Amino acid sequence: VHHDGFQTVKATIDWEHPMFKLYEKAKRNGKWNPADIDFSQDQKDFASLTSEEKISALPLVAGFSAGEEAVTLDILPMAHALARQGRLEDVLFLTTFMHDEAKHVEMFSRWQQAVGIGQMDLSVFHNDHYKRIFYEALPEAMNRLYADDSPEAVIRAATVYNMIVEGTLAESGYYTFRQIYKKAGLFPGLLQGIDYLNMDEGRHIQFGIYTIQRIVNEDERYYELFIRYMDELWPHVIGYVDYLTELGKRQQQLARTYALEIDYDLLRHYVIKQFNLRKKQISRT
């Protein structure tokens, strides 16, 4: 369907729009290139490990690589829906969001290639709870926006994508990586990537907060929907977390070798903490 006109012909960008400001910050802070990361020490680290130690790291990478690829593909309906609503500054910012996620896909895939597991199918580490979130609930909620851009649908999409996948799972994953491999002194290239991803993620989560809050601001009963959609996904969040913890507990050779008292009870509490603080970042009023 046609364009009725163009904002930057009739007027200009809204330079004070929060999402224009975030776009500007993304340009300034988003120059890193996965192609510049030196993975040569990562290759040697991985080769030095025993088979039982090698596998320790793969469930988490399996979760991230699928996660990055899903969100790269699944942000497109959000960009479309806000575009169709004329929210030009949102769209400008979402171009940086999409490109960030492409670089994230690239980073993990370069690490897999470099350490010699690119040929390994890591889908075996996606349990039913993970698939419910990433293979199903995430694309369902985002693709809905092509035919239903109601405030309800937009809140649901931002909740699943920005508040759960990013704001709870990705953030806890970054913490888990540092708690384990930063301690061990392992995988410096991967951990450099993680630091860049974690910095990008701040803007992604801020977009979701802004999107959810601006809809809540119109009608404070959307606050209840946000909470409900958060709670709907929690069983799968913790179900996946419990599955990874069980795998960690059953393959402890990396932890012993590297003197990591890996506190899974504490990682579990960080996830709960993330989930609850994302809820608190939306105001009913």
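All residue numbers refer to positions in the sequence shown, first residue = 1.
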Exercise. So 122-130 or 82-90, which one's hotter by mean CA B-factor in the entry?
Worked result: 122-130
Exercise. Out of 67-75 and 183-191, which stretch has the higher average CA B-factor listed in the record?
Worked result: 183-191
Exercise. Should residue 261 be placed in the lowest, middle or highest third of its chain by the C-alpha B factor in the entry?
Worked result: highest
For this session: Could you look up the Cα B-factor of residue 228 in the entry and say which third of the chain it sits in: lowest, middle or highest?
Result: highest
Exercise. Would the CA B-factor of residue 23 place it in the lowest, middle or highest third of its chain?
Worked result: lowest
Exercise. Taking the C-alpha B-factors as the PDB entry records them, is residue 178 in the lowest, middle or highest third of its chain?
Worked result: highest
Exercise. Based on the entry's values, in what third of the chain does the Cα temperature factor of residue 238 lie: lowest, middle or highest?
Worked result: highest
